[PDB]
There are 2 protein chains.
Amino acid sequence: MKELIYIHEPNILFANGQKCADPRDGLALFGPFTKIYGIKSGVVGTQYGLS
Amino acid sequence: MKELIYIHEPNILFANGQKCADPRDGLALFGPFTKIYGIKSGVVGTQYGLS
């Protein structure tokens, strides 16, 4: 019998110094670490692509 | 006797296409023609300059 050690999952920071193990959860519950004002999109494609 | 014709002040568009003759008044009253989400500053100076 060979014994396997377990490595604890490291934590990734989010807003307010809060920690969660899943980015999809820490983002949904707490939000990004630093916020931007907004995103100004730019599209380079056909008329179908822009729609 | 020399006659001077008069040219009237033109109007500059502001937010929502509203017109005024002074930017210092048109902006303070109506707002810019196009609004941006925000301005991320960037400073290249001393600690004194940053302060």
# chains A, B, ... in the order shown; residues from 1 in each chain; ligands from 1

$ closest_atom_pairs --of "chain B" --to "chain A" --cutoff "8 Å" --atoms "only C-alpha atoms" --output "JSON lines"
{"residue": "B:37", "atom": "CA", "partner": "A:37", "partner_atom": "CA", "distance": 5.5}
{"residue": "B:38", "atom": "CA", "partner": "A:37", "partner_atom": "CA", "distance": 5.5}
{"residue": "B:39", "atom": "CA", "partner": "A:37", "partner_atom": "CA", "distance": 7.9}

$ select_by_dssp --residues "chain A" --states "strand (DSSP E or B)" --output "JSON, numbers by chain"
{"A": [12, 13, 19, 20]}

$ select_by_dssp --residues "chain A" --states "alpha helix (DSSP H)" --output "JSON list (two decimals) with N, CA and C atoms, in the first residue's frame"
[["chain", "number", "residue", "atom", "x", "y", "z"],
["A", 23, "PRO", "N", -12.88, 30.48, -9.36],
["A", 23, "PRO", "CA", -13.05, 31.82, -9.92],
["A", 23, "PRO", "C", -14.49, 32.12, -10.30],
["A", 24, "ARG", "N", -15.23, 31.12, -10.78],
["A", 24, "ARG", "CA", -16.63, 31.35, -11.13],
["A", 24, "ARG", "C", -17.48, 31.66, -9.91],
["A", 25, "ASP", "N", -17.04, 31.27, -8.72],
["A", 25, "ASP", "CA", -17.79, 31.55, -7.51],
["A", 25, "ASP", "C", -17.34, 32.85, -6.86],
["A", 26, "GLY", "N", -16.03, 33.03, -6.69],
["A", 26, "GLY", "CA", -15.53, 34.26, -6.10],
["A", 26, "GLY", "C", -15.87, 35.48, -6.93],
["A", 27, "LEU", "N", -15.96, 35.32, -8.25],
["A", 27, "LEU", "CA", -16.43, 36.42, -9.08],
["A", 27, "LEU", "C", -17.92, 36.66, -8.87],
["A", 28, "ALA", "N", -18.72, 35.59, -8.91],
["A", 28, "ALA", "CA", -20.16, 35.74, -8.79],
["A", 28, "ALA", "C", -20.57, 36.27, -7.42],
["A", 29, "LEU", "N", -19.92, 35.79, -6.36],
["A", 29, "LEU", "CA", -20.30, 36.21, -5.02],
["A", 29, "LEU", "C", -19.67, 37.54, -4.63],
["A", 30, "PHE", "N", -18.41, 37.75, -5.01],
["A", 30, "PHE", "CA", -17.64, 38.88, -4.50],
["A", 30, "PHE", "C", -17.19, 39.86, -5.56],
["A", 47, "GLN", "N", -21.06, 42.76, -41.82],
["A", 47, "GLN", "CA", -22.31, 43.23, -41.23],
["A", 47, "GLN", "C", -22.99, 42.12, -40.44],
["A", 48, "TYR", "N", -22.88, 40.88, -40.92],
["A", 48, "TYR", "CA", -23.41, 39.75, -40.16],
["A", 48, "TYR", "C", -22.72, 39.61, -38.82],
["A", 49, "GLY", "N", -21.39, 39.77, -38.79],
["A", 49, "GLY", "CA", -20.66, 39.63, -37.55],
["A", 49, "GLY", "C", -21.03, 40.69, -36.52],
["A", 50, "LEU", "N", -21.17, 41.94, -36.97],
["A", 50, "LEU", "CA", -21.51, 43.01, -36.05],
["A", 50, "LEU", "C", -22.87, 42.78, -35.41]]

$ calpha_fit_rmsd --fixed "chain B" --moving "chain A"
0.4 Å

$ atom_distance --atom1 "atom CA of residue 33 of chain B" --atom2 "atom CA of residue 43 of chain A"
22.1 Å

$ residues_around --residues "residue 12 of chain A" --least-positions-apart "2" --cutoff "9 Å" --atoms "only C-alpha atoms" --output "PyMOL selection string"
chain A and resi 10+14+18-23+26

$ write_last_selection --atoms "N, CA and C atoms" --output "short mmCIF file (atom, residue, chain, number, x, y, z; two decimals), in the first residue's frame"
data_model
loop_
_atom_site.label_atom_id
_atom_site.label_comp_id
_atom_site.auth_asym_id
_atom_site.auth_seq_id
_atom_site.Cartn_x
_atom_site.Cartn_y
_atom_site.Cartn_z
N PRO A 10 -5.14 25.95 -3.12
CA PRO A 10 -4.84 27.35 -2.80
C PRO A 10 -6.00 28.27 -3.17
N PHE A 14 -10.26 37.93 -4.32
CA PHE A 14 -11.32 38.63 -5.04
C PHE A 14 -11.54 39.99 -4.39
N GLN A 18 -11.65 38.95 -0.10
CA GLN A 18 -12.33 37.68 0.10
C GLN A 18 -11.72 36.60 -0.78
N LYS A 19 -11.74 35.37 -0.28
CA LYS A 19 -11.08 34.24 -0.92
C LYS A 19 -12.10 33.16 -1.22
N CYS A 20 -12.01 32.59 -2.42
CA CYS A 20 -12.79 31.43 -2.79
C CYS A 20 -11.93 30.56 -3.69
N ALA A 21 -12.25 29.27 -3.75
CA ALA A 21 -11.44 28.33 -4.51
C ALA A 21 -11.83 28.25 -5.98
N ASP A 22 -13.00 28.75 -6.35
CA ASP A 22 -13.46 28.72 -7.73
C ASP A 22 -13.54 30.14 -8.25
N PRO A 23 -12.88 30.48 -9.36
CA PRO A 23 -13.05 31.82 -9.92
C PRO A 23 -14.49 32.12 -10.30
N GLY A 26 -16.03 33.03 -6.69
CA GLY A 26 -15.53 34.26 -6.10
C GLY A 26 -15.87 35.48 -6.93
#

$ atom_distance --atom1 "atom CA of residue 35 of chain A" --atom2 "atom CA of residue 41 of chain B"
14.2 Å

$ atom_distance --atom1 "atom CA of residue 51 of chain A" --atom2 "atom CA of residue 32 of chain B"
27.5 Å
